[PDB]
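Mapped onto UniProt numbering, the consecutive letters of the sequence shown carry residue numbers 1027 to 1190.
What follows is one structure encoded as structure tokens, with my remarks underneath.
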Amino acid sequence: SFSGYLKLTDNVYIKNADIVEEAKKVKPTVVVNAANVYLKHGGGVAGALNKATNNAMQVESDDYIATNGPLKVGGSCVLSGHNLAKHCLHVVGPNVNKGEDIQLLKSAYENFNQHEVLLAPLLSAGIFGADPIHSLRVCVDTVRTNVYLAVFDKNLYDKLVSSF
Ligand SMILES: Cc1ccnc(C2CCN(c3ncnc4[nH]ccc34)CC2)n1
């Protein structure tokens, strides 16, 4: 199971870790990807997870988009987890650097409630431009299932914990 996490609430836990390395160690049922609507996994969490799959995630994703079209901001889809997890839940948080509505962050986190346990990043953090402290608050106030959050940056992790 998951190891070395700090308990934040009844159902939310946090660790200073690269989500990709955590997925390789744990091989969880569900790993969350910080996706965009096109499932173009270029950088951040998505680029890192895709690289770890040897680009198989991107090939699968391109076929999904060719069939279904883009996701919605706030939406998700379940695809394979490849070598990292049984499933990858690709969740689109709003990208504030693209002008997307930050109120869609709660909708994005609601997708987590469809899964009993998830390994996940903070949505809309990092290159998506939102305040990670706000993202953690929305996570705790929205997700009811068991969420193991991996935060790569140690200073941000320490700030998240000490201001919680
Ligand atoms: C202020 C600041 C500075 C540097 N990085 C960050 C973010 C980057 C995205 N991120 C991740 N957290 C967990 N596993 C991950 N794998 C790849 C990215 C990633 C959370 C922290 N924010």
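Where is the CB? At the ideal position from N, CA and C, for every residue including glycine.
Neighbourhood of residue i by C-beta, 6 Å cutoff - its chain only, sequence neighbours within 5 removed
i: residue 1096; result: 1063 and 1064
i: residue 1150; result: 1119, 1120, 1131, 1156 and 1161
beta-carbon residue i near ligand 1 non-hydrogen atom, thresh 6 Å
i: residue 1152; result: yes
i: residue 1038; result: no
i: residue 1069; result: no
i: residue 1186; result: no
i: residue 1128; result: no
i: residue 1091; result: no
i: residue 1054; result: no
i: residue 1147; result: yes
i: residue 1178; result: yes
Residue i, enclosing alpha helix (DSSP H) - first and last residue
i: residue 1110; result: Segment: none, residue 1110 is in no alpha helix (DSSP H) and carries neither H nor E.
i: residue 1071; result: 1070-1078
i: residue 1166; result: 1158-1168
i: residue 1082; result: 1082-1094
Exposure of residue i, with buried meaning 16 or more beta-carbon neighbours within 10 Å
i: residue 1092; result: exposed
i: residue 1164; result: buried
i: residue 990; result: Limits of the chain in this structure are 1027 at one end and 1190 at the other, which puts residue 990 out of reach.
i: residue 1126; result: buried
i: residue 1100; result: buried
i: residue 1079; result: buried
i: residue 1082; result: exposed
i: residue 1107; result: buried
Span of the beta strand (DSSP E), counted from its first residue to its last, around residue i
i: residue 1040; result: 1038-1042
i: residue 1118; result: No beta strand (DSSP E) holds residue 1118; DSSP gives it neither H nor E.
i: residue 1134; result: Here residue 1134 belongs to no beta strand (DSSP E); instead the alpha helix (DSSP H) covers 1130-1136.
i: residue 1056; result: 1056-1060
i: residue 1143; result: 1143-1146
i: residue 1031; result: Per DSSP, residue 1031 belongs to no beta strand (DSSP E) and is neither H nor E.
i: residue 1097; result: Unbroken run through residue 1097: none, as it is neither H nor E.
Other residues of its chain near residue i: CB distance less than 8 Å, five sequence neighbours each side excluded
i: residue 1114; result: 1056, 1057, 1058, 1059, 1075, 1083, 1104, 1105, 1106, 1107 and 1108
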